[PDB]
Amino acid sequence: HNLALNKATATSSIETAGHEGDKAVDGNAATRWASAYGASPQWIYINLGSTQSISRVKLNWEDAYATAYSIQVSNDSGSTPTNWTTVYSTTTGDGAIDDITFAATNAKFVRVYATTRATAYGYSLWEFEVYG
């Protein structure tokens, strides 16, 4: 059960209308979030709507993938998280599907925080999936 499916999202930036964060959590492999371009970190988070115990994330990257990123959680109250905890990070990402597991943890929000690009564009995800 993908806990992210159709949940609310927020992003650091978007490339264009139609590339918003909600495109990463619609279950459609032919729609994507895409960030603005450049060397800045970029991010997308999902509000899971309730505390969940999570242990797996699946990312489906577009060609503009991250070689370095982290998966982070927040347990803040409300709808505007500010305190993030890294649960996983890599500097060897290879794009396409990234199937990530980590110690089971409570989370109300999950963030991809992307910090090194594979390309000179931005970052883009067809899908960002979250599982127990």
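Numbers follow the displayed sequence, beginning with 1.
When 65-73 is weighed against 48-56, 48-56 comes out higher, by mean CA B-factor as recorded in the entry. As listed in the deposited structure, the average C-alpha B-factor of 74-82 and of 37-45 is greater for 74-82. Annotation for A29: C-alpha temperature factor in the highest third relative to the rest of the modelled chain, per the entry.
Split the chain's modelled residues into thirds by C-alpha temperature factor. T16 is in the highest one. Ranked within its chain, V87 lands in the lowest third, by CA B factor from the PDB record.
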